[PDB]
Amino acid sequence: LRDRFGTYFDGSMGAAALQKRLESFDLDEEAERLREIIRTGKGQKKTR
DNA sequence: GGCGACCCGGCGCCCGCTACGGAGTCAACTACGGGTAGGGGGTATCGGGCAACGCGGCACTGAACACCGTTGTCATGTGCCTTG
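Residues numbered from 1 in each chain as written, not as in the entry; some residues may be left out. Chains lettered and ligands numbered in written order. Part of a larger assembly, values for the part shown. Heavy atoms only, no water.

- With the PDB entry as reference, chain A is termed DNA-directed RNA polymerase subunit beta', source organism Streptomyces coelicolor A3(2).
- The title given to this PDB entry is "Cryo-EM structure of Streptomyces coelicolor RNAP-promoter open complex with three Zur dimers".

Put into structure tokens, the structure is as follows:
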């Protein structure tokens, strides 16, 4: 994946990847989308 | 394709204190090079031991004046005797 094409996707491994993800994580839109899911949802997906 | 059991992991705990034993353990080597640290050697600096010598009360120095006290002393005033 790296060799055939680059400068498009950034990848990593270990806790550094998690730190990068949480740094750029946008929890507000996740909360909004999960509220939308809760409004119209069924099953154990609702509990998750 | 969410329900469903079931399965599994995964975890959570599991009366109270005193008082009451010990035990302690298996597989390299040398060469160099520095640097610190020790030792003694010698040296500038700080600290300890004594009589004059600062003081002060008073004391002596009485010496030299002062303070009353005293019998020195004087020239000058009453009382009796002699003469106007």
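Having seen the model, we can carry on.
1. Details of the packing of aromatic side chains
Here is step 1: Taken as a whole and assessed by the stated rule, the structure comprises one aromatic pair.
Here is step 2: With a centroid separation of 5.9 Å and 75° between ring planes, the pair formed by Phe-5 and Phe-9 is classed as edge-to-face.
Here is step 3: A residue is classified by how much of its surface remains accessible, and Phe-9, at 35% relative accessible area, is partly exposed.
Here is step 4: For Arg-2, the ring lying beneath its charged end belongs to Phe-9, and the centroid distance is 5.4 Å. (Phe/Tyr/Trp six-rings, centres within 6.5 Å; stacked < 30°, edge-to-face > 60°. Buried < 20%, exposed > 50% of the residue type's maximum accessible area, 1.4 Å probe, protein only. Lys NZ or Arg CZ within 6 Å of the ring centre and 35° of its normal.)

2. Regarding the pattern of salt bridges
Here is step 1: Taken as a whole and judged by the stated rule, the model has two salt bridges.
Here is step 2: A salt bridge links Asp-10 to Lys-20; its shortest N-O distance comes to 3.3 Å. Of this pair, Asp-10 sits in the segment before helix 1 (15-24) while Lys-20 sits in helix 1, and the two are ten residues apart along the sequence.
Here is step 3: Look at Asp-10 and you get exposed, because its relative accessible area is 63%.
Here is step 4: With its nearest N and O atoms 3.7 Å apart, the salt bridge here joins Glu-30 to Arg-33. Taken together, the residues span about one helical turn, with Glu-30 and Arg-33 both in helix 2 (residues 27-39) at a distance of three residues.
Here is step 5: Owing to a relative accessible area of 42%, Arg-33 belongs among the partly exposed residues under this scheme. (Salt bridge = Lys/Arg side-chain N within 4 Å of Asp/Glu carboxyl O. Helix = DSSP H or I, 4+ residues; strand = E, 2+ residues; numbered from the N terminus.)

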